[PDB]
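Here's a solo chain for you in structure tokens, the form deposited in one PDB entry.
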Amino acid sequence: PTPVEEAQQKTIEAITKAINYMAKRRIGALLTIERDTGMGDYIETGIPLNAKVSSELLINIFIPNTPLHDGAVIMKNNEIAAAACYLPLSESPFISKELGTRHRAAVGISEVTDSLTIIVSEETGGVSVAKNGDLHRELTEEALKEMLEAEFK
């Protein structure tokens, strides 16, 4: 693999380790991966970080009742660009009625960008992904990893 390929795989491993940890602990999380549609307008609503990715930093961001936990983390290639970012809320009727604002925000950004958003439910620990206006719920660890690898292909 090229350095770009190695760096992408390290980023995927960091994201999946963080998501898995948060899912087991029922730590709510909202993580958007910017793709080809630029998300600068949303990144600028958050607290700038421009930080190297690590699973440790991703987990620390989402700990309940902390300064960075309320809103979305937006990742740009191999960096955490900003935390506590605003995303627009979807009104789609295909969002399960029991789901709250994190999932609606995720679907909402997926309606106006080609980004991939991961959501961890604070109620159930279930992991979902929003892409292209659709929410895909109850993902296994293997399904999430494959989704990310296919996204970064």
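Start at 1 and count along the sequence shown; that's the residue number.
Beyond what is shown, the protein has a form solved in complex with a small molecule; the following relates to that form.
- Taking the partner from the other structure, the small molecule in the deposited complex has no heavy atom within 4.5 Å of any heavy atom of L99.
- Contact between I19 and the small molecule in the deposited complex is found at the 4.5 Å heavy atom cutoff.
- In the deposited complex, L135 stays away from the small molecule, with no heavy atom inside 4.5 Å.
- Contact annotation: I95 falls outside 4.5 Å of the small molecule in the deposited complex, judged by heavy atom distances.
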